[PDB]
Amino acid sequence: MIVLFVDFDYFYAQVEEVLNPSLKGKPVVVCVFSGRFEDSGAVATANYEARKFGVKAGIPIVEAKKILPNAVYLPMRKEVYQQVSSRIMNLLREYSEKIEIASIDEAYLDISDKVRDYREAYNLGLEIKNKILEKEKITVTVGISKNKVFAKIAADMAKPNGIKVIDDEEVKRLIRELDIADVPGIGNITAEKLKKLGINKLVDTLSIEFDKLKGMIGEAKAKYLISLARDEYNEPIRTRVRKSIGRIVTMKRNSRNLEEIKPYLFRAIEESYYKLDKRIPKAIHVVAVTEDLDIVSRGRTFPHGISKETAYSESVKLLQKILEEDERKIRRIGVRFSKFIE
């Protein structure tokens, strides 16, 4: 089996560099202004000309202007990028019916067939890269290996605008060298709980009893790690389905009065119903972010689908239930519709 992973270089930043080629070369930062105080919000992402100076996704926007008070700051237009991605994805299918759109910029193509072996899959990696650059003007990195985890890892650093193959013997090299923290699915929380057990690498997983991995990171996370470390890992490329939609908005100021939070919450529901589009959710969830950046949520599953009116009166209830259970003020409020039916 040979898996080819595609990941578009600084997607949001690059797409904006395309709709206005004049932005190329200079530092570009796609932000997310909440308004709390003008330049409130964080950075969605930033082209590499800006990342070299510390500016990047996650950091507050004000802390970004302090570094590059001359970088072009653009508001995130997620819908434009979502359509460039779709175009670009309905283009990969032309290289394999075995495709999986993991993210808005990440896709996996199973090309165990179309191809030969590496030397060829690699050459199929260059056909895709160039076809994408020609047709949509986007540069992307490509990863090729026995499975997805490694295909995705390979992408790691071939990035940006690169390509890299990880042959079987390289696999059994990283399984012992690559840092456990740079393995897909291992966020700081998990990666940390691992250094606390002595497992600083992937091969160290086979040295510890399964009852302690299942007790720490959980079964699924433990099996996953072990299989990968054993070289037995492979999962298939399966098409994925949207399992939940939502929109969480930022209030101008913290609050705890229902009537003041209503408006914001109702926009979340409205804009969320627009995003559902023909999907009929049977479960509803109202999510809140307390004044001290903590997340609290309440939901309810109905024996049937939810209508716009139902959602309205239901969110209100779950919200009252929230403000009652928690004492803190609310900074952000949103909704999440799931359990569709189709």
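Position 1 is the first residue in the sequence shown; the rest follow in order. We call the rigid core whatever largest set of C-alpha positions still superposes within 1.5 Å between the two forms.
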For a rigid core alignment of each structure in 8 other deposited structures of this protein onto the shown form, which stretch has the higher root mean square Cα deviation: 201-209 or 124-132? 201-209
Report the stretch with the higher root mean square CA deviation, pooled over structures and residues in 8 other deposited structures of this protein, choosing between 180-188 and 135-143 after a rigid core fit. 180-188
Mean Cα B-factor comparison, 153-161 or 67-75, giving the higher one as deposited: 153-161
Entry B factor averaged over C-alpha atoms, 203-211 against 104-112: higher for 203-211
From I186, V140, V171, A220, residue of greatest CA B-factor: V171
Among all modelled residues of this chain, ranked by Cα B factor, put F302 in the bottom, middle or top third, i.e. lowest, middle or highest. middle
Taking only the Cα B-factors deposited for this chain, tell me whether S40 sits in the lowest, middle or highest third. highest
Considering only modelled residues of the same chain, in which third does the CA B-factor of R93 rank: lowest, middle or highest? highest
Relative to the other modelled residues in the chain, which third contains the C-alpha temperature factor of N123: lowest, middle or highest? highest
Can you tell me which third, lowest, middle or highest, the CA B-factor of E327 falls into for its chain? highest
